[PDB]
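Below is one structure, written out as structure tokens, with a few remarks after it.
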Amino acid sequence: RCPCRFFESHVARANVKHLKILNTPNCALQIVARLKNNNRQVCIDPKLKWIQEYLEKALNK
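Right under this line is the structure:
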């Protein structure tokens with residue numbers, strides 16, 4: 008079973024509280040994020056540009 012089933016491409020950082028990185032060689036790279044509004048658990052597509060910027064600001068810092 009993969010940590011994420013469907014990925015959302017219409018999510019923005021303002022609606023996410025934190026991003027979780029998962030390196031699963033059974034499903035490849037997947038990222039899980041929670042909606043700040045209802046604090047739900049949703050899966051975000053690792054192809055969004057703001058996601059890459061978040062990883063870039065967390066890796067250099």
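Just so it is clear: in the sequence shown, position 36 is 43 by the entry's author numbering, and no numbers are missing.
In this text, a Cβ means the ideal position worked out from N, Cα and C, and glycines have one as well.
Sub-9 Å separation of residue i and residue j beta-carbons
{"i": "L29", "j": "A40", "result": "no"}
{"i": "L66", "j": "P53", "result": "no"}
{"i": "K24", "j": "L42", "result": "yes"}
{"i": "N22", "j": "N46", "result": "no"}
6 Å CB neighbourhood of residue i in its chain, flanking five on each side removed
{"i": "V18", "result": "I51"}
{"i": "residue 76", "result": "Shown here, the chain extends from 8 to 68; a query on residue 76 therefore has no answer."}
{"i": "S16", "result": "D52"}
Residues of its chain near residue i, where Cβ-Cβ distance is below 8 Å and the 5 sequence neighbours each way are ignored
{"i": "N33", "result": "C9"}
{"i": "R20", "result": "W57, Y61"}
Outcome for residue i when other beta-carbon atoms lying within 10 angstroms are tallied against a minimum of 16
{"i": "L62", "result": "exposed"}
7 Å CB neighbourhood of residue i in its chain, flanking five on each side removed
{"i": "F14", "result": "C50, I51, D52"}
Identified DSSP bridge partners for residue i
{"i": "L29", "result": "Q37"}
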